[PDB]
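Student: Structure for the following, please:
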Amino acid sequence: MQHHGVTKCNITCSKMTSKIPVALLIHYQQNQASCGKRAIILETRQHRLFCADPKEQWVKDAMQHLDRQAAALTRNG
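Tutor: Residues are numbered from 1 along each chain as shown. Please see the structure below:
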């Protein structure tokens, strides 16, 4: 907050999200060390970019899931 602009990082994990059906997730990114809270980035087919904590179960499995999805179809990760 120097003078103009009240933002901070395109995707900052200020808090944690709620449980969401893995069937809605399409991709999962990672929080930037220069963005906000070191969490996880969840992207859904509906352009849903939320920040979930790695501890969250739905996230642990959600990840192990997409791990065997991206590869499929197109083997160009």
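
Student: Sketch out the strands for the chain, chain order is fine.
Tutor: Here the chain has its strands, by DSSP state E, at 25-30, 40-44, 48-52.

Student: Between those strands, which one is closest to residue 4.
Tutor: Of all these, it is strand 48-52 that lies closest to residue 4, at 24.7 Å by CB to CB. Yep, even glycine has a C-beta here, placed from its N, CA and C like the rest.

Student: about what we covered before: in TSV: the strands of the chain, plus mean neighbour count.
Tutor: TSV is the format used below for those (neighbours: other CB atoms under 10 Å):
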stretch	mean neighbour count
strand 25-30	15
strand 40-44	19
strand 48-52	18
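
Student: Tabulate those strands in a markdown table, adding columns for distance to residue 77.
Tutor: Listed next are those as a markdown table, based on distance: least, CB to CB, whole Å:
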| stretch | distance to residue 77 |
| --- | --- |
| strand 25-30 | 11 |
| strand 40-44 | 15 |
| strand 48-52 | 19 |
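
Student: Those strands: which one's closest to residue 13?
Tutor: Proximity to residue 13 (CB to CB) singles out strand 48-52 among these, at 3.3 Å.

Student: The closest one packs against which elements?
Tutor: Contact here means 3 or more CB pairs under 8 Å, 6 or more residues apart in numbering; DSSP states H and E; on that basis strand 48-52 packs against strand 40-44, helix 57-66.
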